[PDB]
Amino acid sequence: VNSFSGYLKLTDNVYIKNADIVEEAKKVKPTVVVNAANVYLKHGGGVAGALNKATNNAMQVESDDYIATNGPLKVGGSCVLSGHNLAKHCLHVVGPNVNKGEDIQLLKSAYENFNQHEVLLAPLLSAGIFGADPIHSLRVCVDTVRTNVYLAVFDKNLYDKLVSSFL
Ligand SMILES: O=C(O)C[C@@H](NC(=O)c1cccc2ncnn12)c1ccc(F)cc1F
């Protein structure tokens with residue numbers, strides 16, 4: 001038993017809600033919150049900009065030190081950093097950004113990172129301003145992640161569309 005509330009059960013392990021991931025994090029303080037990052041950990045907009053703003057830019061400061069030491073992530077890759085005031089840890093996951101011309105096949109690899117954590121609060125990878133088909137992303141999530149994932153979908157119309165079309 002965990003402390004997530006009001007989530008629609010989709011499969012044995014995936015749950016979904018129309019909510020802001022920052023507010024869910026502030027309420028639940030999960031072990032792991034997922035950021036929809038880019039390879040440079042430059043947290044400008046969407047999920048990343050919102051999470052970073054909620055940490056008062058501490059996420060960005062930590063991220064810049066990570067990149068200075070380790071270099072960029074791979075598309076499809078991830079790193080574990082602090083969750084600051086929002087969670088114990090933040091799993092920064094790089095899904096493909098279709099608006100950058102990145103390869104959508106890498107979405108499955110991106111979701112595989114979730115399997116290293118027993119429970120996660122996460123956004124829908126590569127949705128929104130990342131330019132991928134959100135129905136497809138949800139299918140890949142359910143068909144790839146085996147650990148317990150709680151998805152927070154920000155856009156109400158998107159949430160309604162995802163629920164109504166889910167197989
Ligand atoms: O509407 C959506 O859920 C899709 C969209 N979400 C957000 O931008 C967002 C902004 C602030 C709080 C918040 N909580 C949950 N999502 N979310 C999105 C997802 C992945 C991505 F890589 C880029 C995106 F733009």
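Pairs under 7 Å by beta carbon, first residue of a type in the set (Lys, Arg) in the range 155-167, partner surrounded by 14 or more Cβ atoms within 10 Å (Cβ to Cβ), six or more apart or different chains?
Cβ pairs passing all conditions: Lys156/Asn18.
Would you mention how many residues in the range 73-117 are surrounded by fewer than 17 Cβ atoms within 10 Å (Cβ to Cβ) and among the polar types (S, T, N, Q)?
Result for the range 73-117: 6.
Kindly provide the set of residues from the range 123-136 that are among the small types (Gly, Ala, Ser) and either outside any loop (DSSP other than H, G, I, E, B) or within 15 Å of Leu151 (Cα to Cα) (or both), ordered by number.
Keep residues of the range 123-136 that are among the small types (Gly, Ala, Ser), which gives 126-128, 131-132.
Within the range 123-136, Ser126, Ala127, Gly128 meet the criteria.
Within the range 56-84, restricting attention to residues that are β-branched (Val, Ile, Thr) and over 15 Å from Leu121 (Cβ atoms), which residue is farthest from the ligand (Cβ to nearest atom)? If you could, list the steps in order and put the result at the bottom.
Quick first cut of the range 56-84, residues β-branched (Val, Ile, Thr) only: 61, 67, 69, 75, 80.
Restricting the remaining residues to those that are over 15 Å from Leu121 (Cβ atoms) gives 61, 67, 69, 75.
On the way: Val61: 20, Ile67: 19, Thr69: 24, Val75: 12 Å.
Applying the filter and picking the extreme gives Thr69.
Inside the range 38-68, can you point out the residues that are of a type in the set (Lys, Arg) and more than 16 Å from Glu23 (Cα to Cα)?
Here is the first cut: in the range 38-68, the ones of a type in the set (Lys, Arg) are 42, 53.
Across the range 38-68, the qualifying residue is only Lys42.
Quick one: is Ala152 of a type in the set (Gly, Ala, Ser), under 15 Å from the mean Cα position of the chain (by Cα) and within 20 Å of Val75 (Cβ to Cβ)? Spell out the reasoning first.
Details: of a type in the set (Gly, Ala, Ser): yes; under 15 Å from the mean Cα position of the chain (by Cα): yes; within 20 Å of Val75 (Cβ to Cβ): no.
In short, no.
Of all residues in the range 87-122, count the ones that are part of a helix (DSSP H, G or I) and not acidic (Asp, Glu). Break it down into steps so the answer makes sense when it comes.
Initially, the range 87-122 is screened for residues part of a helix (DSSP H, G or I), giving 98-100, 104-116.
Pick out the ones that are also not acidic (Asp, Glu) and you get 98-100, 104-111, 113-116.
Selection size over the range 87-122: 15.
To keep it simple, each residue is scored yes or no on (1) under 18 Å from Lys29 (Cα atoms); (2) not small (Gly, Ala, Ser).
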position	(1), (2)
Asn85	yes, yes
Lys88	yes, yes
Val94	no, yes
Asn115	no, yes
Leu120	yes, yes
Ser126	no, no
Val142	no, yes
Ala152	yes, no
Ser165	no, no
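Being surrounded by 14 or more Cβ atoms within 10 Å (Cβ to Cβ), part of a helix (DSSP H, G or I), within 13 Å of the ligand (Cβ to nearest atom) and not aromatic (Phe, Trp, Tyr) is the filter here; which residues of the range 141-162 pass it?
Scanning the range 141-162 gives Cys141, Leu158, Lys161, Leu162.
Could you tell me which residue of the range 4-26 is farthest from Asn97 (Cα to Cα), considering only residues that are in contact (Cβ under 8 Å) with a residue 12 or more places away in the chain and among the basic types (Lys, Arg)?
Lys26
Looking only at residues that are more than 8 Å from the ligand (Cβ to nearest atom) and assigned to a loop (DSSP other than H, G, I, E, B) in the range 14-36, which one is nearest to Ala68 (Cα to Cα)?
Per the stated criteria, the residue is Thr31.
Can you tell me which residue among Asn18, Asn2, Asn56 is on the phi > 0 side of the Ramachandran plot and more than 13 Å from the chain's Cα centre (by Cα)?
Details: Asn18 fails: on the phi > 0 side of the Ramachandran plot; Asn2 fails: on the phi > 0 side of the Ramachandran plot.
Selected residue: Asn56, the only one of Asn18, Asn2, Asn56 that is on the phi > 0 side of the Ramachandran plot and more than 13 Å from the chain's Cα centre (by Cα).
Read-outs: derived from the displayed coordinates by stated rules, not from any lab. In this analysis, Cβ positions are derived from the backbone assuming ideal geometry, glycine residues included, and neighbour counts consider all displayed protein chains.
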